[PDB]
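A.B. asks: As input, take work31.cif (mmCIF, C-alpha atoms):
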data_structure
loop_
_atom_site.label_atom_id
_atom_site.label_comp_id
_atom_site.auth_asym_id
_atom_site.auth_seq_id
_atom_site.Cartn_x
_atom_site.Cartn_y
_atom_site.Cartn_z
CA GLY A 1 179.03 32.26 28.10
CA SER A 2 180.85 35.58 28.39
CA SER A 3 182.64 37.33 31.24
CA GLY A 4 180.38 39.99 32.73
CA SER A 5 178.49 38.92 35.84
CA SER A 6 179.21 36.34 38.54
CA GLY A 7 177.59 35.80 41.93
CA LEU A 8 174.20 35.14 43.50
CA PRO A 9 170.86 36.90 44.13
CA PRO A 10 169.86 38.63 47.39
CA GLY A 11 169.01 35.95 49.93
CA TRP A 12 171.17 33.11 48.64
CA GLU A 13 174.49 32.03 50.14
CA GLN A 14 177.58 30.37 48.65
CA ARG A 15 179.22 27.36 50.30
CA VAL A 16 181.13 24.20 49.38
CA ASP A 17 181.03 20.59 50.57
CA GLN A 18 183.85 18.21 51.47
CA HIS A 19 183.55 16.78 47.95
CA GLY A 20 184.28 20.05 46.16
CA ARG A 21 180.79 20.62 44.79
CA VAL A 22 179.75 24.26 45.20
CA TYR A 23 176.23 24.69 46.57
CA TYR A 24 174.04 27.64 47.54
CA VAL A 25 171.99 27.97 50.73
CA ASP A 26 168.78 29.99 50.92
CA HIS A 27 168.29 31.75 54.26
CA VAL A 28 164.70 32.62 53.37
CA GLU A 29 163.75 29.29 51.80
CA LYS A 30 166.13 27.05 53.76
CA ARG A 31 167.13 24.89 50.80
CA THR A 32 170.44 23.45 49.60
CA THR A 33 171.37 23.07 45.93
CA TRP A 34 174.62 22.47 44.06
CA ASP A 35 173.36 24.63 41.20
CA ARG A 36 171.45 27.91 40.88
CA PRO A 37 167.81 28.05 42.03
CA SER A 38 166.72 28.52 38.42
CA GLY A 39 167.10 25.95 35.66
CA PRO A 40 166.47 22.25 34.93
CA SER A 41 166.22 19.74 37.78
CA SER A 42 167.27 16.08 37.69
CA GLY A 43 165.04 13.58 39.47
#
Go through the file and emit its structure as structure tokens.
C.D. replies:
Amino acid sequence: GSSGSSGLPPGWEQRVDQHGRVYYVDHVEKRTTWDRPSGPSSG
């Protein structure tokens, strides 16, 4: 909500697709997600 912190935790990467949807890549978990690893998930 406010400007203070911005980035990702230790072990997660930051990449983007050809569509323009930012997604992180875990090098320890080997998973791809457009949103942070924490939060609600849509089935």
A.B. asks: Contacts of residue A:28 at 10 Å or less, counting only C-alpha atoms, minus same-chain residues fewer than 4 places along, as a ChimeraX atom specification?
C.D. replies: /A:10-12
A.B. asks: Please tell me which residues are no farther than 12 Å from (176.6, 20.0, 46.4) in the file, counting all atoms listed in the file, and write them as a PyMOL selection string.
C.D. replies: chain A and resi 14-25+31-36
A.B. asks: To one decimal in Å, tell me the separation between atom CA of residue A:41 and atom CA of residue A:1.
C.D. replies: 20.4 Å
A.B. asks: Would you mind completing stretch 23-39 of chain A so that it carries N, CA and C atoms, and writing it out as a compact mmCIF listing (two decimals), in the frame of the given file?
C.D. replies:
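In the end it all went to rebuild39.txt:
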# COMPACT_ATOMS: atom_id res chain seq x y z
N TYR A 23 177.67 24.71 46.37
CA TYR A 23 176.23 24.69 46.57
C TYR A 23 175.77 25.95 47.30
N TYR A 24 174.59 26.45 46.93
CA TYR A 24 174.04 27.64 47.54
C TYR A 24 173.05 27.29 48.65
N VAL A 25 172.90 28.19 49.61
CA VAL A 25 171.99 27.97 50.73
C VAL A 25 171.06 29.16 50.93
N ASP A 26 169.76 28.93 50.76
CA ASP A 26 168.78 29.99 50.92
C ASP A 26 168.43 30.19 52.39
N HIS A 27 168.59 31.42 52.87
CA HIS A 27 168.29 31.75 54.26
C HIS A 27 166.81 32.07 54.44
N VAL A 28 166.12 32.31 53.33
CA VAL A 28 164.70 32.62 53.37
C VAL A 28 163.86 31.41 53.00
N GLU A 29 164.45 30.50 52.23
CA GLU A 29 163.75 29.29 51.80
C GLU A 29 164.27 28.07 52.55
N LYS A 30 165.51 28.15 53.02
CA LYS A 30 166.13 27.05 53.76
C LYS A 30 166.27 25.82 52.88
N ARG A 31 166.93 25.99 51.73
CA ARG A 31 167.13 24.89 50.80
C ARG A 31 168.59 24.84 50.33
N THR A 32 169.07 23.64 50.05
CA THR A 32 170.44 23.45 49.60
C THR A 32 170.48 22.87 48.19
N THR A 33 171.25 23.52 47.31
CA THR A 33 171.37 23.07 45.93
C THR A 33 172.77 23.31 45.39
N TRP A 34 173.29 22.35 44.63
CA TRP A 34 174.62 22.47 44.06
C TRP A 34 174.64 23.47 42.91
N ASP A 35 173.48 23.69 42.31
CA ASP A 35 173.36 24.63 41.20
C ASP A 35 172.39 25.76 41.54
N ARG A 36 172.33 26.76 40.67
CA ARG A 36 171.45 27.91 40.88
C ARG A 36 170.02 27.45 41.13
N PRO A 37 169.21 28.34 41.73
CA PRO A 37 167.81 28.05 42.03
C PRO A 37 166.94 27.96 40.78
N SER A 38 167.45 28.53 39.68
CA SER A 38 166.72 28.52 38.42
C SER A 38 167.39 27.58 37.42
N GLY A 39 166.57 26.87 36.64
CA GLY A 39 167.10 25.95 35.66
C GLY A 39 166.47 24.57 35.76
